[PDB]
Every structure is written in C-alpha cells, then in structure tokens.
C-alpha cells in the first residue's frame, strides 16, 4: 500500500507570526475519512488540534481544541486532495512536532482520539521563538 498522508511545511517562526501547513491524502482517504491535526510538544503526549469533516469540498464542518480556538483554522483543496492547517498569532507554547491524521470511522469533524487514528503523515517541526 502507498503512503496515505504526506505533510509539507514547517520551520522556525517568531511569536506573533503565522504559518500554514499542508497534507496531501490519497483520493480514497480524502473522501472516506475525517482528517485532522495533532501536535506533540517536548516530553508531552500528542494532542488533538483541529479536524475537518470527510470529503471537504464546497462544504464542511471544522472543529478545534480550546487551546488553539480562533487562532488556528483548518481547510481543504479537493482538486489537490489536500487539507491545510493555518496557524495565526503563534506563541512559543505552540512549539511542537505537528502530525496530520485520518480516522476512517468518522464523518463529522469532532475531537479525534489519538488511538482511533488509522493513518499518520510524518511529523514536522514547528518552533515559535520568544
């Protein structure tokens, strides 16, 4: 089986800056699974960040962890089978490895369980400098 998720984006930014990360999914996972993002901060377990409903074309729901509400948004490009994590007003405490995830047992954006993830892209380092 070919890899289901490929992440792009990452790097060091300054507090107050923004950055958008992308992740491409197979056509099959894009349409069948809820897609989302997780982040793993130094010495901490990975935590849910954002989710988008399955097959996000012209319409979708979006759901966010309270710690990134308003600052972060999630989006999609169906034509390129890609989902995006947009991160505004970054703080040093957002410094983490970020992971894209798909859960095929979900249809509506909601809190994703780390354990219910079917596929993961490879994590990318995001560092926000004080």
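Positions refer to the first chain, counted from 1.
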Quiz item: Quick one: higher average CA temperature factor, 82-90 or 27-35?
Solution: 27-35
Exercise. Identify the stretch, either 93-101 or 40-48, whose C-alpha atoms have the larger mean B-factor according to the entry.
Key: 40-48
Quiz item: Among 21, 12, 15, 106, where is the Cα temperature factor highest, going by the PDB entry?
Solution: 106
Self-check item: Entry-reported Cα temperature factor of residue 129, expressed as the chain third it lands in
Solution: lowest
